[PDB]
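Single-structure report; data block below.
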Amino acid sequence: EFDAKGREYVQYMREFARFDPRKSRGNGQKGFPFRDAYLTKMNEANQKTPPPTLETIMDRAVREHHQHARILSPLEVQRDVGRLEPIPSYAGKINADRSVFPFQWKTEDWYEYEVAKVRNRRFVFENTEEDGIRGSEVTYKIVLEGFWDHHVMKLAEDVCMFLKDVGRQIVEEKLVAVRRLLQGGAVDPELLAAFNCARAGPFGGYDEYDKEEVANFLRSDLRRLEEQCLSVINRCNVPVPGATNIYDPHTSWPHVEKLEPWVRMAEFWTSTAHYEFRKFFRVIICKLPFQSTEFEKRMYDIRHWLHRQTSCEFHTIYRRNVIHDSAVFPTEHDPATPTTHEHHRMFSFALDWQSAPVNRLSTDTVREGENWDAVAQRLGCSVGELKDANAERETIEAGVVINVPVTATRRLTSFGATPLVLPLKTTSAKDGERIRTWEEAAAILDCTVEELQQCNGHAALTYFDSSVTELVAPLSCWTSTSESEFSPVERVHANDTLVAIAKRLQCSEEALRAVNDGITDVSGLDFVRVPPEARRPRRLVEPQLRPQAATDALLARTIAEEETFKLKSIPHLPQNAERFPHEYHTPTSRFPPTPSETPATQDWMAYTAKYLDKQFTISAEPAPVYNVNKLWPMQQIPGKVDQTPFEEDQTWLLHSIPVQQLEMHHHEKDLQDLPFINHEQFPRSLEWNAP
Amino acid sequence: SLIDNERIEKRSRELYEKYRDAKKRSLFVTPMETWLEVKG
Amino acid sequence: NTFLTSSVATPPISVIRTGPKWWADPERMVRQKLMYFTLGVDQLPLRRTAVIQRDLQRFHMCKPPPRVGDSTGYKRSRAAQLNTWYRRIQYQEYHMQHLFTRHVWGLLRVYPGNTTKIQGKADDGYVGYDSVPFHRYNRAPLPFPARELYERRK
Amino acid sequence: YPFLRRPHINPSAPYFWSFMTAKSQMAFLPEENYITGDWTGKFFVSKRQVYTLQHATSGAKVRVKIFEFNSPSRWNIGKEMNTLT
Amino acid sequence: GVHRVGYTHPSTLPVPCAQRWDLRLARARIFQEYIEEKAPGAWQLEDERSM
Amino acid sequence: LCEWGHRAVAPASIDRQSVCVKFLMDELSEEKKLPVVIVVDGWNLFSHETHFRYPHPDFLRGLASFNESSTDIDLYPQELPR
Amino acid sequence: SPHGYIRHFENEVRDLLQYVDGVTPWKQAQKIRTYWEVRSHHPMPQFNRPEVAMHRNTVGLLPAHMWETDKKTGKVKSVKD
Amino acid sequence: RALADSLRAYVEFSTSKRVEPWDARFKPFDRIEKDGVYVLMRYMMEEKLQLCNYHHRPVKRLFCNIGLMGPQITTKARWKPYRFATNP
Amino acid sequence: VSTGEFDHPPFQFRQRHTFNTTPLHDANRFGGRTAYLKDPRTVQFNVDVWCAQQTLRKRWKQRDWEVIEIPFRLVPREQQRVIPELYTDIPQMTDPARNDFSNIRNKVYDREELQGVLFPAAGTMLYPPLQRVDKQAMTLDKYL
C-alpha cells in the first residue's frame, strides 16, 4: 500500500491532473490547485527543459552501438543477486520536463499563492446547483462541543442516527410531492406573469412565454430536485451497523467532520505548573436541496436532549432572494462638482453623508400652464407612464399634486442646495411694519417656532433688534427644483463629438443643436449647455452629501454665539512654530516629514535644464497623457506633495524616525490584555469558521 | 548622451578657451568657474 | 576592520575547546584558507587542523570503553602523546592565523582593535577612542584624534 | 513585573519639554487645571496640574502632597507639579 | 524622490476612463472610509513577520 | 596626451583628466583606419545609471544664514534623480 | 442599536455633538487655554530637540534680558524676578 | 538659576564647532586633503559646514543630500561615536 | 531565503568583546542603528521595523517600471480581460491558451511599445524604435 505522505501527495497529483481554474470558481481553499505543480507551470524558466548533455548522449550511444550493451535504468537493473524481479511498468517511461517535476517557482508568486489561500478561506458558496454531494440549497452545521473527545464522538453518532432518519422521512414526503407534481399539474398565473414580466426579452424586444413553456421549466427544476432527493435518500440508507462510516460524505448522510479542539494552556506558581483547559468539537453537516422549516424545528429541538455537559451551536447557510430596486438605488451621471477628500474626513461619516438610500421625491407639484407632455419632459418620464401613474386625473391643472413615476430620470432630492431666505421689515405682514413676533414669522414660513429658532440662532439670542434683516428658513421647508438640482452645462471630453454628447445625455441631437446656437463642431468648446429634454442629466452635487444647513442646525448655538461675540480667530500654532519642526508634533502628524518641493527635480532632464545646462532644449523627460501613479499601490490625495519610499539604507537610517519606547498599543489587541494574558470570550476553536 | 550633440560640442570647444585662460591664474580650475553657476 | 573596541584575551586551549562551534567553524576555516591561498602559500597547518577536527567530530559521540588497566601504562601514555601532538598542531595553526591576519591588515592599511600590535606599524598596543582615556597598560594619554598608523593617500 | 505597568510612576535642559510631559504640546490642559463641577474647595491640588501664570500670580495657596510652593516664579510655568516638586 | 501626486480628469484624456482616485472616492463614499490626508507616501511597511 | 592627462599633481589632475578624456574620445571617434576594440565588463552599468545623484540646488544657489531660507538640507535627507 | 466601533454610531455622534453644543456656552468655553498658550509666558518656552534641529539654536533664543552671568566660566549665578 | 546654567550650557554648546565629525582614519575621508572627498567639501560644502558648526547630524545629512558621494558615504565611512564627536 | 539576521540577541548576562562574542548593542549588528538602544519585546519590534524598511527599500529598488493607468481600449489583448484584485483569486496566468503561463500581475511593458497610445499628441518618435536582433540569421553564436 502507501504511507500517509505518499497517499497525500498521490491525491495532490491526481487533483492537479484533473484541475481546472474554471471549475475552481465560487469555492474556498479547495479551489486552489496543487501549489507546487501550479507554480512550477507558471514559472517561465521551467518552460524549457534542457536536452541530455553531449557527454550523456555520447556515452549512451557508445554503449548502445559500439558495445552492444544498452544502458539500463536504475529501476530496470536487477539489484537482488539471488532473485529476479519483474521490471515496473514505469521504469524509464516517465519523461523529464522541468514544468512538471521537480517544482521550482518564483518567490513573489509563492507569496501571493499563500496569502490568497489563507485569505479566501471563507469565500465559499456552499449552496449550489451541482449534482450529488456538492449540490444543495440549505446547509445546516451543528457544532457539538464537549469536554472529552469520546464524549463528543458518541454524541455525534447519536445525533447522526437521529438526523439520518428524520431527514429520510422528510425527503421521502418531499419526494412524494415532487413525483405527484411531475405526473401532472396546472400552471400558476402568477408564475406565468413572472415569466412574462420583463419588458424586452433575450429575443429582440418584447417576449411572450406560454404556460406550456413555463411547465417545461418547472419540469426541469423538479427533475433535478428529484435527483438530489434520491441521492439524499440513498446515502441515508447506505449506513448499516455491520459496516458504517459516518465521517465520509459519500457513505452516510449527514456526515461528521472534525474540528480542532480549543486548548488554553496556563502556567502558574505552585516551582511552576502547566495546566491546560481543553474543549473538543465535532461538526455535523446536513445539506438539503430545499428549505424545510420542519427539519429546522427538529434540528433546533436537539439541545433539549443533548448529552451530559455537552453544548451545541447552529450555523445556517440558506439561499435567499434579494432585490436590487433600481428606483430607490438608481444609476446617475457623476455630479458636476465631484467629491474631494474633505468630505471623507475624520468624523465625516456622521456630519457629511446621508445614509443610503437618498430620498427621491415621488410627489411633484404642477407649475403654471405646463402641458401634459411638458410635465413628462421636465420629469424625464414618458407620457404614457405618467398617465399610468396618475390615472386618477384626466387633465393637469396648475398647482395640483401629481405622482412622478419611479423610473423618472429627473426626480428631485429632498431639499435644494440653494437656501431660502425671507426678508423681514416687509410691510406685507399684519402690522405693516417689521415682524417682531417669532411665531408670526414661523407662520409666514409655515414652520415651527423651534425650526425657525435653530436655523437662525442669532436673532434668537439677540431677541427683535433692527440689526436682523436676513431670516433663513429651516431646511425642512425650502424645496429643490430641477433647474438648480441638475447642472445646466456639461463638460466636453477631449476629442468628443456632438453625437457622443447627445448619446451621453440621452437627449436629441437637434435639441443640443438648438440650445447651443446651432454649433456643428465642439472642438473649440469646453462646456456645452445641456437641453432641458436630457433624459440622463448630471446632478450639480452628490445627492448623498449632507446640506450645509443640516450641520448648521446641528451646530446652532455655535453659530449664534459666534455671530454675537464676533470672534475672528486664535492661531492653533504659535508664529514661530514653523522654525522648529520636531516641536509642536501634532497628534495627527506622523513621520517621515515630507521635505519642501524643489521646483525642478522630477527628473534629470528638468534638473539639467534648470541648474546644470541653462541652454538645454528638452525641458523635462516626456510625460504621458494618462495618469502615472508614482506611489503605487498607494493612492495619495492628488495635488499633495509626497515622497516615494527611499531606495538607500542611509536615507532610512539618517531620517528622523522615533523608536517605540512605551508599551505597544493595537486597536483590537487591547481587549486581549497581553500575549501571556490574552482574554477570550468563549472557548471556540481557532479553526472555527463563521459561515 | 547625444541630445544637443552639436550644440554641446560647440559649447565645449568655446569653454575650453575659458578653462585654459583660467588655468594661468589658479592651480585648480573649477566647473563652478567655467560653466556651473554657483553664486552668493 | 570594524571591531575597534577594547577586547579580552582568551587562552588558546579555551579557544580550541570550541572546535566545531567557532575554532573549526567550517566557514571560518574556508575563509582562512582563502586568505592563505590569495597570499600564495601552502595551507598545511590549516589542513592538519581540518583533518584533526574532521576525525574528532567523526567520533565525538562515542564513549571510550572502561580501561581494564595495564601497569606498563604504555597505552595511556601513547594516547596522551597523540592528544598533545594534535593540540600542538592546532596551537601552531592558531598562531599562524593571527600572524598572517595582522600582516594582511598592515598591508591593506586596516586599523586593528584597541591594544592590538601590528609588527611593522605599532609594536606596542594601538589604542584609538577607548573608554579609558589613557593607554590601558602604558599609563599615557592617547592623542586626539587616534594615531594614524598609515599614510593619507588612498 | 509587567513592563511599565507599575502602580508608582536633576532637570534636563534639552529635554525639558520632553521628560514627564505630555506627548503633544497642542493638547489642552488636563482635568487638574480646571474646576469640574460644584465644589466646596480642594484640600490639595492634583500633582499633575500644570503650573500657569495664574499660579505664578498671587496664588492664594498651593498644596501638593506636603509641599507649599510658596516661591512663585515664571520659570515654573509649563510643567507639572510632580516634576516641579 | 520628492514629488507632487498628479491627477487627470477623464475629459482631458483622448479616450475617457474612470480614474482610480475617482474609484477610491466612490469606495470611500460607499463604505465610509476615513482617508488620512497626512499619510506619508514613504512609510509603506508590511509586517513581514506575519505576511 | 594620455600621459599629460594622468601624470599631474593633485588637485590639478582632477580638471586635467576631464580635458584629456574628452579630447581622447573625440580623436578616437575621428580615427577611421585602425581597428579599435573596446571591451567593458558590465555594460549594463554604463547602460542604465550610476548610483550618484544630482546635488541639491541649495548647495549651488548659495546661502547667507540657515534660519533665513528655512532649508532642510541638513535636517532631512532626500533622493534626487539618479 | 449599533455595536462595536465608533464609526458605526452614525446618529449618536451627531446627537452628542448637538447636545454638547446646545448645552455649552462660549462664555464658559473661553476659559480653557492650551498648553502652548500657557507656555508662552515662560521666558524661553521653545527649545530645539537633540533629535532633529539642535544646531538651529541661536544665542538670540535665550532670555538674556533677565539674568547675569559670571565672567570666568560663563554660567549663570543668579536669576531676577 | 540651576536650570539657567543647564539651558545656557546647552544653547552655547549648540553653536560650538567642537570637531569635524568624520574619522580621517578610514576612507573615504582617508584621501589627502587636496584630492577626493575633501575637494568636494572645500568647494561645495564650506558655506554649509561652517553654518552647521560641524555637528555630526547636520554634517551627515548634508553629505547624504549632496549625493555625489552616494550611499557609501555612510555605508562604509566610519564617523566618531557620540561622545567622541561631542568633545571639542 | 535570506541569510541576514532577523532576531535581536538575547540578554542573559553582560557580554565582552572576545573571540566568539561581541558586546551587545555595538555599532556592528544592524548597521550601527543600535545606538538608539530595555524590554526585549519593544527592542524586537524596533528591529522588525528596521528589517521591514530594508525589505521595502530593496523591493522598490528592484522596481524598474511604472504604473500609468491606461484606458481599456488602448490595451493589449492579454490585459483586455477582467483581472481580480490582489489576493482575491488564484495567481492568474496570462494566457494558458497561447502557452503563456506567467503571472499576469507581474507583466511589464517596454515604454518603447505604447508610444502609439502614450504621447498621442507628439507626432515625432520621442523614443526611437526598439532594435530587435534576428534569430534566424547566421551569427557568431550560430556559426558553431
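Going by the C-alpha cells order, chains are called A, B, ..., each with residues numbered from 1, while ligands are numbered from 1 in the order shown.
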
Just list the residues in region 373-618 of chain A DSSP gives alpha helix (DSSP H) on the backbone, as a VMD selection string. chain A and resid 373 to 379 383 to 389 438 to 444 449 to 456 458 to 461 482 to 485 498 to 505 509 to 515 548 to 554 556 to 565 604 to 607

Write out, as a Markdown table, each residue of chain H that has an atom at most 9 Å from chain F, together with the closest pair of atoms and their distance in Å to one decimal, counting only C-alpha atoms, rows going by chain and rising number.
| residue | atom | partner | partner_atom | distance |
| --- | --- | --- | --- | --- |
| H:34 | CA | F:11 | CA | 5.7 |
| H:35 | CA | F:11 | CA | 5.5 |
| H:36 | CA | F:11 | CA | 8.6 |
| H:39 | CA | F:11 | CA | 7.9 |
| H:44 | CA | F:59 | CA | 6.3 |
| H:45 | CA | F:59 | CA | 7.1 |
| H:47 | CA | F:63 | CA | 7.4 |
| H:48 | CA | F:59 | CA | 7.9 |
| H:51 | CA | F:66 | CA | 6.8 |
| H:52 | CA | F:74 | CA | 8.0 |
| H:57 | CA | F:74 | CA | 7.5 |
| H:58 | CA | F:74 | CA | 4.5 |
| H:59 | CA | F:74 | CA | 6.9 |
| H:60 | CA | F:74 | CA | 7.7 |
| H:61 | CA | F:74 | CA | 4.8 |
| H:62 | CA | F:74 | CA | 4.9 |
| H:63 | CA | F:74 | CA | 8.5 |
| H:64 | CA | F:77 | CA | 6.1 |
| H:65 | CA | F:77 | CA | 5.3 |
| H:66 | CA | F:55 | CA | 4.5 |
| H:67 | CA | F:53 | CA | 4.8 |
| H:68 | CA | F:52 | CA | 5.2 |
| H:69 | CA | F:52 | CA | 6.7 |
| H:70 | CA | F:52 | CA | 5.3 |
| H:71 | CA | F:51 | CA | 7.9 |

Can I get the selection written as an mmCIF file, in the first residue's frame, with C-alpha atoms?
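Written out: again32.cif:
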data_model
loop_
_atom_site.group_PDB
_atom_site.id
_atom_site.type_symbol
_atom_site.label_atom_id
_atom_site.label_comp_id
_atom_site.auth_asym_id
_atom_site.auth_seq_id
_atom_site.Cartn_x
_atom_site.Cartn_y
_atom_site.Cartn_z
ATOM 1 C CA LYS H 34 43.974 68.120 -1.781
ATOM 2 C CA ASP H 35 42.017 65.380 -3.572
ATOM 3 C CA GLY H 36 38.889 63.278 -3.395
ATOM 4 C CA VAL H 39 37.867 68.787 -2.767
ATOM 5 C CA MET H 44 30.638 72.910 -2.315
ATOM 6 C CA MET H 45 30.264 72.447 1.448
ATOM 7 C CA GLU H 47 29.425 77.560 3.131
ATOM 8 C CA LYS H 48 27.271 74.889 4.836
ATOM 9 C CA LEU H 51 26.886 77.227 9.156
ATOM 10 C CA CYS H 52 26.104 73.914 10.856
ATOM 11 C CA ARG H 57 23.902 65.123 12.430
ATOM 12 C CA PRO H 58 23.910 68.164 10.087
ATOM 13 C CA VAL H 59 27.211 67.033 8.573
ATOM 14 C CA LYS H 60 25.902 63.534 7.859
ATOM 15 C CA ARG H 61 22.629 64.822 6.423
ATOM 16 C CA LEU H 62 24.408 67.354 4.195
ATOM 17 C CA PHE H 63 26.733 64.620 2.940
ATOM 18 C CA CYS H 64 23.710 62.432 2.202
ATOM 19 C CA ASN H 65 21.865 65.240 0.409
ATOM 20 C CA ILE H 66 24.791 66.208 -1.833
ATOM 21 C CA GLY H 67 24.631 62.715 -3.322
ATOM 22 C CA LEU H 68 27.898 62.955 -5.261
ATOM 23 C CA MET H 69 29.313 60.708 -2.526
ATOM 24 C CA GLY H 70 26.417 58.247 -2.683
ATOM 25 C CA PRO H 71 25.201 55.677 -0.159
#

Non-local contacts of residue 466 (chain A) (9 Å; only C-alpha atoms; under 2 positions in same chain excluded) as a PDB file with N, CA, C and O atoms, in the first residue's frame:
ATOM      1  N   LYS A 425     -38.795  93.284   7.919  1.00  0.00           N
ATOM      2  CA  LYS A 425     -39.114  94.676   7.601  1.00  0.00           C
ATOM      3  C   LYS A 425     -40.179  94.789   6.516  1.00  0.00           C
ATOM      4  O   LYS A 425     -40.584  95.904   6.166  1.00  0.00           O
ATOM      5  N   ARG A 434     -41.929  96.023  10.664  1.00  0.00           N
ATOM      6  CA  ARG A 434     -41.055  94.884  10.890  1.00  0.00           C
ATOM      7  C   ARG A 434     -41.775  93.818  11.707  1.00  0.00           C
ATOM      8  O   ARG A 434     -42.474  94.112  12.680  1.00  0.00           O
ATOM      9  N   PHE A 464     -37.163  91.327  18.521  1.00  0.00           N
ATOM     10  CA  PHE A 464     -36.065  91.526  17.585  1.00  0.00           C
ATOM     11  C   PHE A 464     -35.308  92.815  17.861  1.00  0.00           C
ATOM     12  O   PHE A 464     -35.784  93.698  18.574  1.00  0.00           O
ATOM     13  N   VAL A 468     -31.190  92.662  12.597  1.00  0.00           N
ATOM     14  CA  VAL A 468     -31.525  91.440  11.873  1.00  0.00           C
ATOM     15  C   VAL A 468     -32.346  91.801  10.642  1.00  0.00           C
ATOM     16  O   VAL A 468     -33.395  92.449  10.741  1.00  0.00           O
ATOM     17  N   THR A 469     -31.852  91.410   9.467  1.00  0.00           N
ATOM     18  CA  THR A 469     -32.572  91.580   8.210  1.00  0.00           C
ATOM     19  C   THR A 469     -32.822  90.260   7.501  1.00  0.00           C
ATOM     20  O   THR A 469     -33.945  90.007   7.048  1.00  0.00           O
TER      21      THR A 469
END

Who sits within 7 Å of residue 112 (chain I), only C-alpha atoms, same chain under 6 positions skipped, as number ranges by chain: I: 127, 129-130

Write a file of the selected residues as a compact mmCIF listing (two decimals), in the first residue's frame, keeping C-alpha atoms.
# COMPACT_ATOMS: atom_id res chain seq x y z
CA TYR I 127 11.84 57.09 -28.21
CA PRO I 129 12.09 52.19 -32.49
CA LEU I 130 13.35 49.26 -30.45

Neighbouring residues of residue 78 (chain H) were defined as those with any atom within 12 Å, considering only C-alpha atoms; residues of the same chain fewer than 6 positions away were excluded. Please report them as an mmCIF file with C-alpha atoms, in the first residue's frame.
data_model
loop_
_atom_site.group_PDB
_atom_site.id
_atom_site.type_symbol
_atom_site.label_atom_id
_atom_site.label_comp_id
_atom_site.auth_asym_id
_atom_site.auth_seq_id
_atom_site.Cartn_x
_atom_site.Cartn_y
_atom_site.Cartn_z
ATOM 1 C CA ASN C 1 38.007 46.177 10.267
ATOM 2 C CA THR C 2 35.019 47.479 12.237
ATOM 3 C CA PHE C 3 35.602 45.831 15.647
ATOM 4 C CA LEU C 4 37.625 48.656 17.191
ATOM 5 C CA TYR C 111 43.345 49.722 11.753
ATOM 6 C CA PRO H 21 32.720 64.569 12.843
ATOM 7 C CA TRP H 22 34.332 62.442 10.133
ATOM 8 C CA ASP H 23 37.062 59.973 11.084
ATOM 9 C CA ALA H 24 40.090 60.723 8.910
ATOM 10 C CA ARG H 25 41.412 57.244 9.741
ATOM 11 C CA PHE H 26 39.000 55.426 7.417
ATOM 12 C CA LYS H 27 38.002 56.020 3.813
ATOM 13 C CA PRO H 28 36.564 57.929 2.049
ATOM 14 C CA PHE H 29 37.907 60.686 4.315
ATOM 15 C CA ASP H 30 41.296 58.940 4.221
ATOM 16 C CA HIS H 56 27.601 65.292 13.329
ATOM 17 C CA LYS H 60 25.902 63.534 7.859
ATOM 18 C CA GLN H 72 28.789 54.657 0.576
ATOM 19 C CA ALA H 85 32.426 63.609 18.418
ATOM 20 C CA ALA I 27 27.913 49.614 16.091
ATOM 21 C CA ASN I 28 28.170 46.410 14.037
ATOM 22 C CA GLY I 31 24.290 48.923 10.554
ATOM 23 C CA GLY I 32 25.100 50.952 13.652
#

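Taking CA of residue 78 (chain I) as the reference point, CA of residue 114 (chain I) is found at 14.4 Å.
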
Long-range neighbours of region 74-77 of chain I as a ChimeraX atom specification, 12 Å cut-off, only C-alpha atoms, 6 positions minimum in chain: /A:626 /E:13-17 /I:68,94-95,98,104,107-109,113-118,120

With distances taken over only C-alpha atoms, which of I:7, I:39, I:134, I:110 is nearest to chain E? I:7

Based on DSSP run over this structure's backbone, return all residues of chain G in strand (DSSP E), as a list in words. residues 67, 68, 69, 76, 77, 78 and 79 of chain G

As a PyMOL selection string, could you give me every residue of chain I near chain D (at most 12 Å apart, counting only C-alpha atoms)? chain I and resi 38-42

For the atom pair CA of residue 313 (chain A) and CA of residue 691 (chain A), what is the interatomic distance in Å to one decimal place? 12.2 Å

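Residues of chain B having any atom within 9 Å of chain A, counting only C-alpha atoms, are residues 3, 4, 35, 36 and 37 of chain B.
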
Resulting file, chosen residues, C-alpha atoms, as a PDB file, in the first residue's frame:
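As a result, result-v8.pdb now contains:
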ATOM      1  CA  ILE B   3      20.681  65.171 -27.299  1.00  0.00           C
ATOM      2  CA  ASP B   4      22.036  68.574 -28.367  1.00  0.00           C
ATOM      3  CA  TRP B  35      30.140  76.827 -16.638  1.00  0.00           C
ATOM      4  CA  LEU B  36      28.382  75.752 -13.435  1.00  0.00           C
ATOM      5  CA  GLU B  37      26.607  78.667 -11.749  1.00  0.00           C
TER       6      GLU B  37
END

Show me, as a list in words, the residues of chain C whose atoms get within 7 Å of chain I, using only C-alpha atoms for the distance check. residues 6, 7, 8, 9 and 22 of chain C

Just need the residues of chain G within 12 Å of chain E, counting only C-alpha atoms, so spit them out as a ChimeraX atom specification. /G:7-8,10

How close does chain B get to chain H? List, as a Markdown table, each residue of chain B within 12 Å, its nearest atom pair and the distance in Å to one decimal, counting only C-alpha atoms.
| residue | atom | partner | partner_atom | distance |
| --- | --- | --- | --- | --- |
| B:27 | CA | H:34 | CA | 11.4 |
| B:28 | CA | H:34 | CA | 10.0 |
| B:29 | CA | H:43 | CA | 11.0 |
| B:30 | CA | H:43 | CA | 8.6 |
| B:31 | CA | H:43 | CA | 10.1 |
| B:32 | CA | H:43 | CA | 8.9 |
| B:33 | CA | H:43 | CA | 10.8 |
| B:36 | CA | H:44 | CA | 11.7 |
| B:37 | CA | H:44 | CA | 11.8 |
| B:38 | CA | H:44 | CA | 8.9 |
| B:39 | CA | H:44 | CA | 11.3 |
| B:40 | CA | H:47 | CA | 9.7 |

Using only C-alpha atoms and a distance of at most 12 Å, pull out the residues of chain A that contact chain F, as an MDAnalysis selection string. chainID A and resid 576 578:582 591:608 610:612 621 642:657

Could you list the residues in chain H lying within 12 Å of chain D, using only C-alpha atoms, and format the result as a ChimeraX atom specification? /H:1-14

Those residues you just picked out, can you put them in a file as a short mmCIF file (atom, residue, chain, number, x, y, z; two decimals), in the first residue's frame with N, CA and C atoms?
data_model
loop_
_atom_site.label_atom_id
_atom_site.label_comp_id
_atom_site.auth_asym_id
_atom_site.auth_seq_id
_atom_site.Cartn_x
_atom_site.Cartn_y
_atom_site.Cartn_z
N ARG H 1 18.13 79.20 39.06
CA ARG H 1 19.35 79.53 38.33
C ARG H 1 20.08 78.26 37.90
N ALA H 2 19.85 77.17 38.63
CA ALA H 2 20.43 75.89 38.23
C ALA H 2 19.93 75.46 36.86
N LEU H 3 18.62 75.60 36.62
CA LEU H 3 18.08 75.33 35.29
C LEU H 3 18.67 76.30 34.27
N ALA H 4 18.90 77.55 34.68
CA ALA H 4 19.50 78.53 33.78
C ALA H 4 20.88 78.08 33.32
N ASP H 5 21.68 77.55 34.25
CA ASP H 5 23.01 77.07 33.88
C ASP H 5 22.93 75.97 32.83
N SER H 6 22.08 74.97 33.06
CA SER H 6 21.96 73.87 32.11
C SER H 6 21.48 74.35 30.75
N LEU H 7 20.45 75.20 30.73
CA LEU H 7 19.91 75.67 29.46
C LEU H 7 20.93 76.51 28.70
N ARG H 8 21.62 77.41 29.40
CA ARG H 8 22.64 78.22 28.75
C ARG H 8 23.78 77.36 28.22
N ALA H 9 24.19 76.35 29.00
CA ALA H 9 25.26 75.46 28.54
C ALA H 9 24.84 74.73 27.27
N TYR H 10 23.61 74.21 27.25
CA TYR H 10 23.13 73.52 26.06
C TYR H 10 23.10 74.45 24.86
N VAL H 11 22.53 75.64 25.02
CA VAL H 11 22.42 76.56 23.89
C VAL H 11 23.81 76.97 23.40
N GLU H 12 24.72 77.26 24.33
CA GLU H 12 26.07 77.66 23.95
C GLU H 12 26.79 76.55 23.20
N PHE H 13 26.68 75.31 23.69
CA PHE H 13 27.34 74.20 23.01
C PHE H 13 26.72 73.93 21.65
N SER H 14 25.43 74.23 21.49
CA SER H 14 24.79 74.03 20.19
C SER H 14 25.53 74.78 19.09
#

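Taking CA of residue 472 (chain A) and CA of residue 404 (chain A) as endpoints, the distance between them is 29.0 Å.
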
For chain G, list the residues within 8 Å of chain F, counting only C-alpha atoms, and write the list as a PDB file with N, CA and C atoms, in the first residue's frame.
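And here's result-v1.pdb as it stands now:
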ATOM      1  N   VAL G  52      16.555  66.435  15.900  1.00  0.00           N
ATOM      2  CA  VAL G  52      16.418  66.927  14.532  1.00  0.00           C
ATOM      3  C   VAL G  52      17.261  68.173  14.292  1.00  0.00           C
ATOM      4  N   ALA G  53      16.958  69.256  15.004  1.00  0.00           N
ATOM      5  CA  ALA G  53      17.489  70.580  14.684  1.00  0.00           C
ATOM      6  C   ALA G  53      18.081  71.244  15.918  1.00  0.00           C
ATOM      7  N   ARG G  56      20.113  74.487  15.045  1.00  0.00           N
ATOM      8  CA  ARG G  56      19.447  75.754  14.771  1.00  0.00           C
ATOM      9  C   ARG G  56      19.486  76.720  15.947  1.00  0.00           C
TER      10      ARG G  56
END
